[PDB]
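Residue numbers (the working numbering), protein chains in the order written: chain A, 1352 to 1499; chain B, 558 to 705. For every residue, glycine included, the Cβ atom is placed at its ideal position computed from N, Cα and C. What follows is a short report on a single structure.
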Amino acid sequence: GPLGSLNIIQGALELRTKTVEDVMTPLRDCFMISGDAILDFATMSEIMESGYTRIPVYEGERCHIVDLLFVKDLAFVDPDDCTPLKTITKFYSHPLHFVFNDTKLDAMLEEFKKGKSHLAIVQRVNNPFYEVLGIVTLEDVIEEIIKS
Amino acid sequence: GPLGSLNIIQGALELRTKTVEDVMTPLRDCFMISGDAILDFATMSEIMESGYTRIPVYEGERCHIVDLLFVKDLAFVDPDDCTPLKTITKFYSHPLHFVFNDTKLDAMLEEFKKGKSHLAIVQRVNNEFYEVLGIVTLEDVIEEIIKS
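This is the structure in structure tokens:
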């Protein structure tokens, strides 16, 4: 009981020192879908079976994330139509947020609390190109607070 | 910034005094589905559009919650088949957790951390039978911690 609330307090202190790179999901392990996808029955089945609700969309390379698909966006998609996925990502255009790996978790929580979004992409400056490393969710940050 | 870390500490103290009744969702405002439901195209669409991933299932009265439907269970459900919902709830049998309204938030967070489930039903001892008032999610508890 109180020992658990103590760990919460310790996590609220760790937030000012931990970066989003520490708690993110690496790109090699992120469940994503290609923009070339056709929303037939088989494709939508993997989206739902994955358990995720916010799935990054990439074009060509897995590091080129261009859109964000929500599971609620498939509410009016009939698999018999073979609707291309790019059509639905254009229609809803859910905001896609990018952040640097050096971002601290307290600033990350402040950015997540202000907006409805719960997902952000971790990218690092390569040395003159942008290098995407992974994604970090709001649920990823809150784990650090309550973890013992 | 640092002021936000204060609210976590204040919430980390307040949770030991707040009951699940204060932060729950009342049954009159809970998105639920009847066990008689047929998983045709129209029904599956309403589940997805709601944005929820864990939807309580009731039999007869809305206060008689008997099962819990996840969105991922529809991965292999063809709307043309008209598969009854009870078939899927029997197949997976996701655990349904009930708690008393007098339960404090510190004890509630401990129960959610131990199990994979993120949903619980708030019931109160009626004196004049079991009186169900609403449901409380893990998202309700962590909000009180981080709330300013």
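Near-chain A residues of the segment 595 to 606 of chain B - C-beta to any C-beta below 9 Å: Flagged, chain order: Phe598, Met601, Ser602, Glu603, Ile604, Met605 and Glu606.
Contacts around A/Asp1424, its chain only, beta-carbon distance under 7 Å, and the 5 residues preceding and following it disregarded: Counted from its first residue, the first sequence places residue 1424 of chain A at position 73. The residues are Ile1439 and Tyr1443.
Identity of the residues DSSP links to A/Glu1461 by a beta bridge: Here residue 1461 of chain A refers to the residue found at position 110 when the first sequence is read from its first residue. Assignment of beta-bridge partners to A/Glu1461 by DSSP yields no partner.
Nearest candidate by alpha-carbon position, reference A/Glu1495, set A/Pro1435, A/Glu1482, A/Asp1431 and A/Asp1457: The residue labelled residue 1495 of chain A in the question sits at position 144 within the first sequence. Answer by Cα proximity: A/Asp1457.
Cβ-Cβ distance between A/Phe1451 and A/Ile1472 below 8 Å: Position 100 of the first sequence, counted from the start, is the residue given in the question as residue 1451 of chain A. Position 121 of the first sequence, counted from the start, is the residue given in the question as residue 1472 of chain A. No, the pair does not count as a contact, with Cβ atoms beyond the cut-off.
Range of the contiguous alpha helix (DSSP H) that encloses B/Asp579: Along the second sequence, one-based indexing puts residue 579 of chain B at 22. Secondary structure note for B/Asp579: its alpha helix (DSSP H) is the uninterrupted segment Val577 to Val580.
Burial state of A/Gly1362, where buried means 16 or more other Cβ atoms lie within 10 Å: To locate residue 1362 of chain A, count along the first sequence from 1; it is residue 11. It is buried - the Cβ of A/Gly1362 has at least 16 other Cβ atoms within 10 Å.
Euclidean distance between Cα positions of B/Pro652 and B/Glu603: As a first step, residue 652 of chain B must be located in the second sequence, where it is residue number 95. As a first step, residue 603 of chain B must be located in the second sequence, where it is residue number 46. Distance between the alpha carbons of B/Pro652 and B/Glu603 is about 23 Å.
Nearest-angstrom beta carbon gap, A/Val1483 and A/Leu1378 [assumed within contact, 8 Å]: In the first sequence, counting from the first residue as 1, residue 1378 of chain A sits at position 27. In the first sequence, counting from the first residue as 1, residue 1483 of chain A sits at position 132. That belief holds up - the Cβ atoms of A/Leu1378 and A/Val1483 are roughly 6 Å apart, short of 8 Å.
Residue nearest to residue 709 of chain B in terms of C-alpha spacing, selected from A/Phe1392, A/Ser1499 and A/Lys1467: Only positions 558 to 705 of chain B appear in this structure, which leaves residue 709 of chain B out of reach.
Any C-beta of chain B under 8 Å from that of A/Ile1359: In the first sequence, the residue the question calls residue 1359 of chain A occupies position 8. Yes, A/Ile1359 lies at the interface with chain B (some Cβ there is under 8 Å from its Cβ).
A/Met1395 to A/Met1375 span [Cα, whole Å]: Taking the first residue of the first sequence as position 1, residue 1395 of chain A is located at position 44. Taking the first residue of the first sequence as position 1, residue 1375 of chain A is located at position 24. The alpha-carbon of A/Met1395 is positioned some 26 Å away from that of A/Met1375.
Per-residue burial, A/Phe1463 [other beta carbons within 10 Å of its own, 16 or more giving buried]: In the first sequence, residue 1463 of chain A corresponds to position 112, counting from 1. Taking every protein chain shown into account, the CB of A/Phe1463 has 16 or more other CB atoms within 10 angstroms, so this residue is buried.
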